[PDB]
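> Before I ask anything, here's the sequence and the deposited coordinates:
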Amino acid sequence: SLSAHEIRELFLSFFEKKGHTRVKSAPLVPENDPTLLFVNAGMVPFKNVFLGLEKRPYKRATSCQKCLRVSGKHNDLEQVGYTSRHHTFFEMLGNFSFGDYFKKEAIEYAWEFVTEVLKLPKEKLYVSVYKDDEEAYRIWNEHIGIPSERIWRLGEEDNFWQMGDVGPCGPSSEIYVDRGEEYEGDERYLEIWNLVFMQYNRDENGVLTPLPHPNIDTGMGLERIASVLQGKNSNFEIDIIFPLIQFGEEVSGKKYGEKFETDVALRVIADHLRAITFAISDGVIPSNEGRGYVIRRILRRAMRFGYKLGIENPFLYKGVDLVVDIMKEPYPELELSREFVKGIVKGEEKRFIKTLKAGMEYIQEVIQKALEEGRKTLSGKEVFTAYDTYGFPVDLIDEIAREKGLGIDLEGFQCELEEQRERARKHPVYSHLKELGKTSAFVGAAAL
C-alpha cells in the first residue's frame, strides 16, 4: 500500500515531470538565519526567492524538506507523544512556483497526484477554500469537478496564509481525505495537503495589494500521508516509525497498546530519536543555549520518559543506528555521521543519566510533599533547585509536576531567579531582568 520511501520518490519525480526542479533538502539549521534555529517548513529556504530578492535558475521547484517544529510560533514539542500526529522532526513534501504557474495549475497537479498517483478515491476527498475565494472554488468545482457538497468555504483563520505581520500572503486550499464513519472530526477528514496561494501584498498598514508575480507554495506531511495509504490510525504505526516504537518496547520490556502512559513514553522516544539524529547529523551539538539547548531538552525528555519506562542504562544511542538504517535511502549522508551522532548521543546520556535519576527522586518527593500538605504548586525554590541543582529544563519540570495535577510557581521562580542573580553578582547568555523567567525556559540554569 505504498511505503514512505515510495511516496516520497513518486512525489518528487511526479513534479520534475511537471517541469519542477528537484531541490535537495536544506539542512535543518539555516545557514545565515540566526533568527530561526530550525527550518520548520519546505518554503523556509526559498523565502528570499518568494520575496524576489534572491535569484534562482528555475521558476518551478519541488523538494522534500527536513523539518523541525519544536520551536516558536510553530513549536509542538509540548504535544509530542500525547497525540498520534505531532512530531519534533518531520518531512514536508512540497511544490513551489516563483511567479510562474498559479491557482489552477497548483490545483491540477495536486488533484492529479492524489487521484492518479497515490490512487485515493475522488469520492472520499474534500477540499477547503477561502470563503471569498471565487477563483479557487470555481476551479475546484468546475475545472476539477468537485461536487459542491465536497467543498467547504471557510474563513481567515482556516484558509488565509501569511508569511508575517507585514508580508506576501493570500488564500489557501487544503485537500482532506474522509477516512470513514468509524472516525470523526479532523481525524476522519484528515488533511493531507495544503496549497498556499501567495497573491497579496500586505503593507505595513494591513492593506493588501495584488502581487505582480504571484507565487505557489504547497505542503504535504509525509508521515501523515503515508499513514493514510498504509491504513494506519496513527503516524507512529507507519513503516518508517513503527520500528522505533518497537525499539522502545524491547528495551523496556513493555508493550505498545496496553496503557496510555506507556504509549506516551514509547511515542516520545520514537519521535525524539529521529529529531536528535537528524539534528546532530546536521551540525547541532548539545549545549545550554540556542539550538544546542533545543536538542538537549529533546534528549533530556526522551531519557526521562525512558527511565519512566524503567530503563536504567543509556539506550537512546542504540536507537540512533535504527534511525540511520531506516532513513538512509533518502538521506545517505546519515551513514557518514552515524558513528559521530551515536557518540555525541551516548556522551550526553552517560553524561546525564545519574543526575536525571536523582533529580526525579527529588522532584517526586516535593510533589508528594505538596499534595500531602495541601499545596497546589511547586515553589519557586523547588523549581530553581531542580532547575539549578539537577539541571532539569523548566518545561520538563512543569510536565512532571503536571502529571500530579500540580503546577509551578511562575512568579516565585522569577523572584528566585533575580535573587540568585543579585546573589551571584555580590556574594553566551544575555537576559533582561523580569524576563529571566521567560529566558530560562530556553536556556539552562547554568546559562542564567
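Alright, I've got the coordinates. Numbering: from 1, shown residues only.

> Tell me the spacing between the residue nearest to the spatial centre of the chain and residue 41.
Nearest to the mean C-alpha position of the chain, by CA atoms, centre = their mean, lies residue 69 at 3.0 Å. Computed as CB to CB, to the nearest Å, the residue 69 to residue 41 distance reads 8 Å. Just so you know, the C-beta spots here come from the backbone N, C-alpha and C atoms, and that holds for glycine as well.

> cool, and residue 75?
As defined by CB to CB, residue 75 lies at a distance of 13 Å from residue 41.

> Repeat that for residue 374.
With distances defined as CB to CB, the gap from residue 374 to residue 41 amounts to 47 Å.

> out of those two, which sits in the more crowded spot?
Each of residue 374 and residue 41 had its neighbours counted (other CB atoms under 10 Å), and the higher figure belongs to residue 41 (17 against 6).

> SS state for the closest residue to that one other than its chain neighbours?
With CB to CB, 6 or more residues apart in numbering as the criterion, residue 41 has its nearest non-adjacent residue at 5.7 Å, and that residue is residue 92. For residue 92, the secondary-structure state derived from DSSP: H, G, I helix; E, B strand; the rest coil is strand.

> which residues sit in contact with residue 92?
Shown in contact with residue 92 (CB atoms under 8 Å, 6 or more residues apart in numbering): 41-42, 64-65, 67, 219-222.

> in the sheet, who's paired with it?
Residue 92 has the following beta-bridge partners by DSSP bridges: residue 65, residue 221.

> That one and residue 1, how far apart?
According to CB to CB, residue 92 and residue 1 sit 22 Å apart.

> just the strands in the protein please.
For the chain, applying DSSP state E gives strands covering 21-22, 60-68, 70-71, 74-75, 89-97, 125-130, 151-154, 160-162, 167-178, 189-202, 208-221, 377-378, 407-408.

> Using CSV, lay out the ones you listed together with distance to residue 344.
Written out in CSV, the entries for those read as follows (distance: least, CB to CB, whole Å):
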stretch, distance to residue 344
strand 21-22, 31
strand 60-68, 17
strand 70-71, 18
strand 74-75, 23
strand 89-97, 16
strand 125-130, 43
strand 151-154, 45
strand 160-162, 37
strand 167-178, 37
strand 189-202, 35
strand 208-221, 28
strand 377-378, 32
strand 407-408, 30
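
> Compare those and give me the one nearest residue 136.
Closest approach to residue 136 among the strands of the chain is made by strand 125-130 (4.6 Å; CB to CB).

> which helices and strands sit right next to that closest one?
Helices and strands touching strand 125-130, as assessed by 3 or more CB pairs under 8 Å, 6 or more residues apart in numbering; DSSP states H and E, comprise helix 134-138, strand 151-154, helix 156-159, strand 167-178.

> Repeat the analysis, applying 10 Å as the threshold.
Helices and strands touching strand 125-130, by 3 or more CB pairs under 10 Å, 6 or more residues apart in numbering; DSSP states H and E, are helix 103-116, helix 134-138, strand 151-154, helix 156-159, strand 167-178, strand 189-202.

> mind putting the ones you listed in CSV, mean neighbour count included?
Supplementary listing: the helices and strands packed on strand 125-130 in CSV, determined by neighbours: other CB atoms under 10 Å:
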stretch, mean neighbour count
helix 103-116, 18
helix 134-138, 18
strand 151-154, 16
helix 156-159, 14
strand 167-178, 21
strand 189-202, 21
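
> Now render these as JSON lines, adding distance to residue 275.
Below are the helices and strands packed on strand 125-130 laid out as JSON lines (distance: least, CB to CB, whole Å):
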{"stretch": "helix 103-116", "distance to residue 275": "28"}
{"stretch": "helix 134-138", "distance to residue 275": "35"}
{"stretch": "strand 151-154", "distance to residue 275": "32"}
{"stretch": "helix 156-159", "distance to residue 275": "28"}
{"stretch": "strand 167-178", "distance to residue 275": "26"}
{"stretch": "strand 189-202", "distance to residue 275": "22"}
